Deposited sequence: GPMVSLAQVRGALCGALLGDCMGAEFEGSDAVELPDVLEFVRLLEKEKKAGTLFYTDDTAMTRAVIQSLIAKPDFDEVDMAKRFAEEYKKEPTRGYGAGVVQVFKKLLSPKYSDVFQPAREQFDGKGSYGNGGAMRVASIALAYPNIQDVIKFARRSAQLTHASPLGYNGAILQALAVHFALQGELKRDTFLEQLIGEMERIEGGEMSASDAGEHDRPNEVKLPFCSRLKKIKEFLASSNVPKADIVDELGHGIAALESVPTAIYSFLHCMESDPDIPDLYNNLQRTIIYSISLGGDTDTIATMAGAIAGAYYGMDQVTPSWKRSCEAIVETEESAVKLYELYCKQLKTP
């Protein structure tokens, strides 16, 4: 039953792998599995370590983690500051065009309410992008109690994503990591857990409807990529990416006929995610966090992880997150 350091480290390294490997295909909407498999074989043979750079997905993840470690009770003012200073330090990591404005406003002296800049986005409608969700995994790694996971997922997201689609996408991604982490649930129970929580939270019900489609897809075999993309999405919008990440994870619990069986489940998850195209760094970073939490560090292979920028720092950070988790027990 008990959550291991291997699982927490697995989640963070999974997220990092997904971001670093997915970034290599970002925004190319048609990705063919053969290119992904070619990329992985080349990657495994690279003599130099650290050839793949992380993006805003990981930059913001690291800022979430530093906030949780500094303020374990969750301090949204501290976290807002870390987001804004990280942006300022490394503004070219690949941030969305909208969210840049949130950081500039948080960096100015005009706002005392750290949630107000996010509220003002897109004529006061707020962002429905997946940026809240891309960084949220660590909430589930720090807070064992589901009510904490839900409220802190929401609040962390609302620093940049004030639209319900934005922040509910973050909650869903946090819940997926939460349920992956706490046991090795069977597929059907995992989805039931998520659908149950999102029905309460949303309750026409956009995320629930996608989770229902996922249930249907998993009851079929040989579902073409095109049907997954058409019905779930591969977009920058949280609605069109978070369920897709969850599907990738659940799908890759079993053999995929197109992916050689010599790849483990976590590797398969990342390969499959990227093969869906679109927002590949974010979909893979989210699917990789879930898979990492589920399968743990045993499936984070040396040849894959050595390729990623900040792998050592990431592995270290897991220990400090794990301490947060254990204190909360």
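- The chain's deposited sequence has unresolved stretches at 1, 205-221, 348-350, with no C-alpha coordinates there.
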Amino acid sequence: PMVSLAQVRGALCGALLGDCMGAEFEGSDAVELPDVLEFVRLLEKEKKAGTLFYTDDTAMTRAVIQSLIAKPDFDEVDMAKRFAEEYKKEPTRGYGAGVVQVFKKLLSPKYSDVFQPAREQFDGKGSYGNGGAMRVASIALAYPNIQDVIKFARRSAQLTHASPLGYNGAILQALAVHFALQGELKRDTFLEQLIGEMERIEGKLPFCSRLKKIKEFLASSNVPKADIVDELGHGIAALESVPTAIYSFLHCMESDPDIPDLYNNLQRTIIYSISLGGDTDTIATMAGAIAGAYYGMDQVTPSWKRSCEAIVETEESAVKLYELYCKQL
From here on, numbers count along this sequence of modelled residues.
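Rigid core here is just the name for the largest C-alpha set that superposes within 1.5 Å across the two forms.
- Core superposition of the other structures onto this form places the C-alphas of 183-191 farther off in 7 other deposited structures of this protein than those of the other stretch among 167-175 and 183-191.
- Among the other PDB entries of this protein that were compared and that flank it with modelled residues, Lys110 is modelled in all, so it is never left out in a third of them.
- Notably, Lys204 is an intermittent gap: at least a third of the other compared entries of this protein, restricted to those modelling both its neighbours, have no coordinates for it.
- The PDB entry records a higher mean C-alpha B factor for 28-36 than for its counterpart among 54-62 and 28-36.
- Here the stretch with the larger average CA B-factor, out of 107-115 and 93-101, is 107-115.
- You'll see in the entry that, of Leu159, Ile139, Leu205, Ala133, the Cα B factor peaks at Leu205.
- The maximum CA B-factor among the listed residues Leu42, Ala291, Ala284, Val300, taken from the PDB record, is found at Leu42.
- In this PDB entry, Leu329 carries a Cα temperature factor that places it within the highest third of its chain's modelled residues.
- Placement of the Cα temperature factor of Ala180 within the chain: lowest third of the modelled residues, per the deposited record.
- In the deposited entry, the Cα temperature factor of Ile69 places it in the middle third of its chain's modelled residues.
- Ranked by C-alpha B-factor against the other modelled residues of its chain, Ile228 falls in the highest third.
- Looking at the C-alpha B-factors along this chain, the one for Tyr247 belongs to the lowest third.
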